[PDB]
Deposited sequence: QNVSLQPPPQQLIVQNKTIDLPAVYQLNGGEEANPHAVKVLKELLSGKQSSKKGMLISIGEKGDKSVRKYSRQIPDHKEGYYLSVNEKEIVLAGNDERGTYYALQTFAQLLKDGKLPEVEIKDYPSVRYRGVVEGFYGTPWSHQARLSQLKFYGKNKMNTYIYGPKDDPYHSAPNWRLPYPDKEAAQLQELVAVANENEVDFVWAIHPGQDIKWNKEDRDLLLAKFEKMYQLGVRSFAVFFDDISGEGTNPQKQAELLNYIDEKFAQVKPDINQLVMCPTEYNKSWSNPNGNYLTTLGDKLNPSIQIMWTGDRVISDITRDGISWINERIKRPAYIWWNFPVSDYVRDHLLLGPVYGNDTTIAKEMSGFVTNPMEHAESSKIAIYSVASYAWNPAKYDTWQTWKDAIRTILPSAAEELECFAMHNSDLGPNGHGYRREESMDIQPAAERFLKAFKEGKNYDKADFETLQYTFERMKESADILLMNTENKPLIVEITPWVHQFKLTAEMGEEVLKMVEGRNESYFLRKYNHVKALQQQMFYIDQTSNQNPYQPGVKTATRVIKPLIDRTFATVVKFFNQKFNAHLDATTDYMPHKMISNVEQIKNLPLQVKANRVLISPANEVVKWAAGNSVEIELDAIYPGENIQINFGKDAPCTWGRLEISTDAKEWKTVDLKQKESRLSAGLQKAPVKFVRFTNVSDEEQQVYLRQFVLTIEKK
C-alpha cells in the first residue's frame, strides 16, 4: 500500500469481491468516492462520512483527523468510512490497491495523513506542462492522496510579469477551467499562484489589478490562491508591503468569499542561504502576516533536503509551521539530466513542524511521477517512509509492463552532475565498488577480479536490453517520448562500455584496433545526440550514467589505449569525448557556441563569426565574417545557428 497506512491489521485470509452486494450509503457519501467504488464492482458494503447513517456503527473506529478514514474488509462486510468527504475518497484509493484479481485481503485500516497539505508545485523554469500532462497528473495525485496542486510555471506570462495583470485569453482560460474541474473530481485543491513581484507597484492600480485577476480566476472555479515573491529583485522584495498585500487579499477576498481554501505565499527569502539572518525580512513576515496565511520554504539552500534543525530555524522566525517547497526532482538548472532516482534525505520525524510539503518537479511531467509518488508516500506517512521500496513501487505503478527495464534506466539516471546549487544524488551504487576496484587494479597493472569484469559486462548488457524495450513501449507513450533522447544516449553508453571491455581483453592488435575504431564511432554518435537533442538555451543536450558508468568507461578506455601505445609503440588518440573542432583543456560545443572548458582553435569548416567572449570584460562582434581559425570563459559564437 502506497502511501502506507498509519495502522494496518491483516488477517492472512482472503475473500472475493462480492458478485452480489448490498451498498449502504451510496446516496449520502462523497460522490467522488462512490463513483470509484461503482467502477470497481448480498455482502454489505457500507460507505460514508462520519455522521452519515451508513457508518454509525463505526463512528468510534474513524480516526478523528482531517482526511482520515476507517477501512475494514472481512467475511461479512466491507466498510469504507471517512472522517470527512476526502477521507472517504482516500479509503477508496486504499481499497483499490487491496483489490487483486477479484480478491481482497481481510484487513482493518485506520489511516490519516501526518502532513496537512501534500502535493506538487509546478513552479519551475522551462516549458510548462502540457494540458494533457496536467490532466494526467491530477488523476495521479488523487490516487496517491496528494491534495494540492499549485499552478505557477515561471514561464507562463499570465502568471508572471508583466501579464500577471491580464486575464488569461479564452483558450487558456477554458483549459484552466477544465483543470480545476478535474482537480476537484480527484479531491485536489487547485491553487492558482501569481508572481507579480518583479514589476509590481505598491499602489492602488496594481493592488486592484491583482485582486481583479484573482476574481477572474475565481470565476474559472479557482478556490485556493498563492502569491509568489521568489527570484525577484527591486521594490517588490519589501516585506512590510508584501505582508500588507497578503493581509488585504485575506481580508478583502479570502475571508469575504463563501468558499476559499488555501492562501499561500512564497517569500523572497525562501531558504536559509538566501535569507539575511541579521535582516528583518523573515521576522517581519512572521509577525505581520495573518496567521492563516501559509509561508513557503525550500530549506537551508535553494535545493536542499529538509532537516529538523533547518525547519526549526525558519519556524522560529515565521511563527508558524513552514509549508515546504521541495526542489526535487526539478532539473531546470541541470536540464541535460533526468533525475529519476529515489526520494530521500528529508527527516521522517518532523511532520508536526510543517503545514505542507510540495515537490517542484521536472518539466518532464511523466518522468517526475517517480518522485511525486514517493513524495506522496513520504508526506502521508513519513514515519513509515521506505525510500527504495517506494521508488520500486512507483516504477511498477508507472510502467508495469517494463518495470525492471525502467528501474535499470532510472538507477543510472539519478545524479545531477556538478552544479551551482551544490546538490547531488547517489547513482549506480550497486556497481560502484566493482567499478572502483576494477579501475584501481587495471590502472596500476595489478590483476582485476574476473567477477568485477563480469559484473560490468552484465550491467552493460542489461542497459541495452532496457533501452531497446523502453523505446518500443506503448503502455505510457508520453513517458517514452520524454525520455527517448536519454534512452538513445544510455544505449550508446552501454555499447561503448561493452567495446571498451573487449579492448581490455585485447586478443590481438587487429582486434583491438577494430574495437578502438568502434569506440571512436560511438563517441561521435553520443556527440551527435548531445548536439541534436534537448537543445535548450541553458544546459543543452543529453547526459546519462554520469556519476559512475561514464567515468569508468572513459578512464578504462584512456588506460587501455595508453598500454596499447606503449606495447606497440603506437600513437592512438586516447580522448574520450568526440570533438570535431581542434584546439590541454577540452573544447565544448553548446548550440552555436565553441567553447574552451574554463591559444588557437580550428573549426571543422568556415562559419560566419558572430562574436567572442573571453574572460580573464572581453567581447567583440565579428560582423558575420568568415572564420575557421581563432588565435590569442573563452567562447566563439558562430552562425549555425
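For this session: Could you name the stretches of the deposited sequence that have no C-alpha atoms in this structure?
Result: The deposited sequence has unmodelled segments at 1 to 4, 46 to 53, 596 to 603, 619 to 630, 649 to 678, 695 to 707.
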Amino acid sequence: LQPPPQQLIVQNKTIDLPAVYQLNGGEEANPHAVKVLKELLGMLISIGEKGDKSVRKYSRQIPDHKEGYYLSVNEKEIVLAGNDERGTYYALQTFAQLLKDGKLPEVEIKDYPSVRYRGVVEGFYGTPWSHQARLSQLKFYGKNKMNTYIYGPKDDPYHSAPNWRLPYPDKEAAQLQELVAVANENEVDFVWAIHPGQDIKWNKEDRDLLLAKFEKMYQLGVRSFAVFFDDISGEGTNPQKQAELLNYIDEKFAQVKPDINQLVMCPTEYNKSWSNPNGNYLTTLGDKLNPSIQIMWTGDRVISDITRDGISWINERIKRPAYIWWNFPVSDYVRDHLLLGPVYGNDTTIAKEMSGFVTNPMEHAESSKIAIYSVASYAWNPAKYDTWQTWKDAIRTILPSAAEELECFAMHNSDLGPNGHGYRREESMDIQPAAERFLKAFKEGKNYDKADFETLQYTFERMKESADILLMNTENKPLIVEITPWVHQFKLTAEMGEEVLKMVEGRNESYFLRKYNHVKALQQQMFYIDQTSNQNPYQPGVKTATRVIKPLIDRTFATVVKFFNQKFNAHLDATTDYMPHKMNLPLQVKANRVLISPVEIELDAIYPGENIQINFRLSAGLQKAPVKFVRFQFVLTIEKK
From here on, numbers count along this sequence of modelled residues.
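Each form is matched to the other, and the largest set of C-alpha atoms that superpose within 1.5 Å is called the rigid core.
For this session: Once the rigid core is lined up, would you tell me whether 208 to 216 or 269 to 277 has the higher RMS CA deviation in 6 other deposited structures of this protein?
Result: When 208 to 216 and 269 to 277 are compared in 6 other deposited structures of this protein, the bigger C-alpha shift is seen for 269 to 277.
For this session: Say whether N30, which has coordinates in the shown structure, is without coordinates in a third or more of the other compared entries.
Result: Across the other compared entries, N30 is absent from none.
For this session: Decide, for the other PDB entries of this protein that were compared, whether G506 is missing from at least a third of their models.
Result: Yes; at least one third of the other entries leave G506 out.
For this session: May I ask you to compare 17 to 25 and 620 to 628 by their mean CA B factor in the entry and name the higher one?
Result: In the deposited entry, the stretch with the higher C-alpha B-factor mean is 620 to 628.
Problem set entry | Mean C-alpha temperature factor, higher of 162 to 170 and 199 to 207 | Mean B over CA atoms: larger for 199 to 207.
Exercise. When you compare the CA B-factors of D386, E215, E77, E269 as listed in the entry, which one comes out on top?
Worked result: Reading the PDB entry, the winner on C-alpha B-factor is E77.
Problem set entry | Highest recorded Cα temperature factor - choice among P382, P551, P105, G541 | Of the candidates given, the C-alpha B-factor peaks at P105.
Exercise. Taking the C-alpha B-factors as the PDB entry records them, is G42 in the lowest, middle or highest third of its chain?
Worked result: Its C-alpha B-factor belongs to the highest third of this chain's values.
Exercise. Looking at the C-alpha B-factor of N565, is it in the lowest, middle or highest third of its chain?
Worked result: Highest third, going by the recorded CA B-factors of the chain.
Exercise. What third of its chain, lowest, middle or highest, does the C-alpha temperature factor of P258 fall into?
Worked result: Its C-alpha B-factor belongs to the middle third of this chain's values.
Problem set entry | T637 - Cα temperature factor, lowest/middle/highest third of chain | According to the entry, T637 has a C-alpha B-factor in the chain's highest third.
For this session: Tell me, lowest, middle or highest third: where does the Cα B factor of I311 rank within its chain?
Result: For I311, whose C-alpha B-factor we compare with every modelled residue in the chain, the answer is the middle third.
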